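When a residue number appears, it is its place in the shown sequence, counting from 1. As a basis for the values below, the full set of heavy atoms in this structure was taken, side chains included, without hydrogen atoms, waters or symmetry mates.
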Amino acid sequence: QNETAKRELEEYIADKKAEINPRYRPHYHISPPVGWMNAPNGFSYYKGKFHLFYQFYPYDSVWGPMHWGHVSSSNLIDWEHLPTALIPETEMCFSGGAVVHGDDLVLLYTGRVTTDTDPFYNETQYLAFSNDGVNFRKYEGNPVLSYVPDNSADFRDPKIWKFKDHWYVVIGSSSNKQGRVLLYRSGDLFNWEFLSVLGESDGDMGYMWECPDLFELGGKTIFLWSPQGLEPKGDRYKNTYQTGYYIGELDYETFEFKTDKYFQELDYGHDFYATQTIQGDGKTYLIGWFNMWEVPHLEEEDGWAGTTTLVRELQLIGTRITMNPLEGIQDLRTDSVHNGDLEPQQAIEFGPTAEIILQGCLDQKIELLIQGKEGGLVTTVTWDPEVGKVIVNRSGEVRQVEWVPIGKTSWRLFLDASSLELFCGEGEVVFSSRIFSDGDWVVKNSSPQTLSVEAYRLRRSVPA
Ligand SMILES: OC[C@H]1O[C@@](CO)(O[C@H]2O[C@H](CO)[C@@H](O)[C@H](O)[C@H]2O)[C@@H](O)[C@@H]1O
């Protein structure tokens, strides 16, 4: 590693840290120490700790020359910052995965380099290694994988896993302005054999397929990815770009992904894009970037942008991936703020953090009004039984979906200094939206019915 380049960045961060307005900084969501965060990267388990990286531009609250930020956790709730894992050189350090080989945590990441031809960039897969889980050195012979079908300039966001005697990777690409994902495999992590175009847009599924993922859940293969170029369709695909999944079966003989290509959005909120998953304890954990491309970031002017979501546990119930907060998220709970009846127009007061478990009768309207103690911008969460929809109105911008409850009719709502995550029922309908208002959260019952509300303040689990 370049000791000069590193030390200079560590001291830029340690100094720039004092200029970070804390007003919107999350208490219990992963945020960059300073500057810009986008897609989470290389979700891994190495030496008794979950490791997570992320697309990181230290020097400003907007996108720029891509670094890998780095955090670790015992419980997937509390996270410590580590030194910047990857600093760009000739290549920007674009998204990718991480896997444990020997004593080593191995990062497989896309290196984007400039060119002087129409695309004006090229994408290949770079290796970096660590034995201490702190310092990362790039492989002398990078890139280890350069071949992409139709010589497409788009070739990014490898998700690597081990099955039998091979590492497999799914990688995002385009061709004739159609999104696609490519399956490769290696015996040694250095030499990569192309297997198949796992899926491709027929025209209606966008021009680029970012942050692909592939894993088993509920006895099925999930292809989870971030397509760009979907048209809004009724209530769906309203965000700048989408994250969603196909259900099917990956055949490890034919390397064919057999699916009906029934697309579903994972998260119905305003600010959900680009996911990572890991499997352990017989569970499937997922985390996403808690922002959206080409829309205002109200925290930008405070010298930072972006958080992750809460880590969610996945299940496949029928045809639906449910998301729920971690079983032990209740460890965040400090003060018990409310229990039982919350009458019409009655309000609950928090600090910057809130957990609310609410139930009403689904025969009548449910509505929460969420706003700062000192007023400012409003977010409303509504059950409208006329249309059978959950509606998150974030400062006038609507996200809504039909909700057919699996079982539980209760909602679990998590507020952080500048975020909202609504888990409806058993997690079949989830909204993740960034929210901003003036001061400590006040939540008012706007419903024409009394709600049952269990409410807590939540402690910090991440740095300022
Ligand atoms: O930081 C690059 C990293 O982010 C992803 C997913 O968000 O792609 C981004 O890259 C470009 C940044 O301007 C955009 O063209 C693209 O739309 C944006 O999503 C990953 O694909 C990539 O590794």
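A side-chain N or O of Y273 and one of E210 form a donor-acceptor pair less than 3.5 Å apart. Under the 3.5 Å distance criterion, with hydrogens and angles disregarded, a donor-acceptor pair is assigned to the side chains of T110 and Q125. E300 and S61 share no side-chain donor-acceptor pair at under 3.5 Å. There is no side-chain donor-acceptor pair under 3.5 Å between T307 and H29. Between the side chains of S130 and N135, not a single donor N or O lies within less than 3.5 Å of an accepting N or O. One side chain, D281 or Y285, offers a donor N or O that lies under 3.5 Å from an acceptor on the other. Using modelled atom types, one finds a donor on one side chain and an acceptor on the other under 3.5 Å when comparing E299 with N291. A donor-acceptor pair shorter than 3.5 Å can be found between the side chains of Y109 and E91. Side-chain contact check for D416 and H27: no donor-acceptor pair (N or O, by modelled atom type) lies under 3.5 Å. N41 and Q55 share a donor-acceptor pair across their side chains, judged by distance under 3.5 Å alone. Inspection of the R312 and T277 side chains reveals no N or O donor paired with an N or O acceptor under 3.5 Å.
Atom CH2 of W441 is separated from atom CD of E349 by 13.5 Å, given to the nearest 0.5 angstrom. One finds the CD atom of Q315 at 11.0 Å from the CD atom of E428 (value rounded to the nearest 0.5 Å). One distance of note links CG of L310 with CD1 of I30; it measures 9.5 Å at 0.5 Å rounding. Here the CG-CG distance, from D440 to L415, works out to 11.5 Å after rounding to the nearest 0.5 Å. Atom CG of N393 sits about 10.5 Å away from atom OG of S433, to the nearest 0.5 Å. To the nearest 0.5 Å, atoms OG (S175) and CD (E200) are separated by 5.5 Å.
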List the steps and the verdict of side-chain hydrogen bond (donor to acceptor under 3.5 Å, both in side chains) for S73 and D78. CA-CA 6 Å; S73 178; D78 301 83; over 6 Å; no

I222 vs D213, side chain to side chain contact (heavy atoms under 4.5 Å, CB included): CA-CA, chis, key distance, verdict: CA-CA 8 Å; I222 309 302; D213 194 2; over 6 Å; no

Apply the test ring pair (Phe, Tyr, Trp, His ring centres under 6.0 Å) to residues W192 and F194: give CA-CA distance (whole Å), side-chain angles for both, the deciding distance (0.1 Å), then the verdict. CA-CA 7 Å; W192 291 94; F194 175 64; over 10 Å; no

Start with the C-alpha distance between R434 and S419, add both sets of side-chain angles, then the distance that settles side chain to side chain contact (heavy atoms under 4.5 Å, CB included), and finish with yes or no. CA-CA 4 Å; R434 294 296 297 284; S419 78; 4.0 Å; yes

Working for side-chain hydrogen bond (donor to acceptor under 3.5 Å, both in side chains), residues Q279 and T284: CA-CA 5 Å; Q279 285 171 328; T284 309; 3.3 Å; yes

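Here the rule is salt bridge (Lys or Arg N to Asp or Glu O under 4.0 Å) with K47, and of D104, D103, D132 only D103 fits it. In summary, of the residues considered (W63, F436, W36, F290), a ring pair (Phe, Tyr, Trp, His ring centres under 6.0 Å) with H297 occurs for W36 alone.
For the pair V430 and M323, the minimum side-chain heavy-atom distance is below 4.5 Å. Here the side chains of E123 and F94 are in contact, with some heavy-atom distance below 4.5 Å. Considering only heavy atoms from C-beta on, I435 comes within 4.5 Å of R394 through its side chain. Taking 4.5 Å as the limit, some side-chain heavy atom of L230 sits within range of a side-chain heavy atom of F263. Two residues are said to be in side-chain contact when any heavy atoms from C-beta on lie closer than 4.5 Å; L127 and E140 fail this criterion. Contact of the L108 side chain with the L189 side chain is not registered, since no non-hydrogen atoms from C-beta on lie closer than 4.5 Å. When side chains are defined from C-beta on, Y241 counts as touching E294, because their heavy atoms get closer than 4.5 Å. For the pair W289/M37, a side-chain contact is recorded, criterion being any heavy-atom separation below 4.5 Å from C-beta on.
Side-chain atoms of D251 come within 3.5 Å of backbone atoms of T254 as a donor-acceptor pair (strictly under, hydrogens ignored). In this structure a side-chain-to-backbone donor-acceptor pair under 3.5 Å is missing from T322 to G427. A donor-acceptor pair under 3.5 Å links the side-chain atoms of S201 to the main chain of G206, judged by distance alone. Not a single donor-acceptor pair under 3.5 Å links the side chain of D438 to the backbone N or O of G372.
A perpendicular orientation is assigned to the rings of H70 and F136, their planes being inclined by more than 60° (bins at 30° and 60°). Using cut-offs of 30° and 60° on the angle between ring planes, the pair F53 and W68 is tilted. Ring planes of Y59 and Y57: perpendicular class, angle over 60° (limits at 30 and 60°). The aromatic rings of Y168 and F255 lie tilted to each other, with the angle between the two planes from 30° to 60°.
Nearest heavy-atom pair across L214 and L250 is CD2-CD2, 3.6 Å. Shown here for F56 and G69, the closest heavy-atom pair between the two residues is CB-N, 3.5 Å. Of all the heavy atoms in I247 and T259, the pair that sits closest is O-OG1, 2.7 Å. Between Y45 and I278, the closest heavy-atom pair is N-CD1, 3.4 Å. Listed here is the closest heavy atom pair of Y12 and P58: CE2-O, 3.5 Å. Nearest heavy-atom pair across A417 and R23 is CB-O, 3.8 Å.
Between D60 and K16 there is no salt bridge, since none of the side-chain N atoms of the basic residue sits less than 4.0 Å from a carboxylate O of the acidic one. Using a cut-off of 4.0 Å between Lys/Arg side-chain N and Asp/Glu carboxylate O, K261 and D202 are scored as salt-bridged. The existence of a salt bridge linking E313 and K283 is confirmed by a sub-4.0 Å separation between a basic side-chain nitrogen and an acidic carboxylate oxygen. Remark: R156 engages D154 in a salt bridge, criterion side-chain N to carboxylate O under 4.0 Å. Between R412 and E421, no side-chain nitrogen of the basic residue sits less than 4.0 Å from a carboxylate oxygen of the acidic one, so the salt-bridge criterion is not met. Here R457 does not pair with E355 in a salt bridge; the nearest charged N to carboxylate O distance is not below 4.0 Å. Salt bridge absent: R25 and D302 never bring a charged side-chain N and a carboxylate O closer than 4.0 Å. With respect to the salt-bridge test (charged N to carboxylate O, under 4.0 angstrom), the residues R7 and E3 do not qualify.
Under a cutoff of 6.0 Å and an axis angle of 45°, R185 and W167 do not form a cation-pi pair. No cation-pi contact links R399 to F431, judged by a cut-off of 6.0 Å to the six-membered ring centre and 45° from its axis. Annotation: cation-pi pair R137/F129 absent, no NZ/CZ under 6.0 Å from the ring centroid and within 45° of its normal.
Residues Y184 and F155 bring their aromatic ring centres within 6.0 Å. Taking the six-membered ring for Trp and the full ring otherwise, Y139 and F190 have centroids separated by under 6.0 Å.
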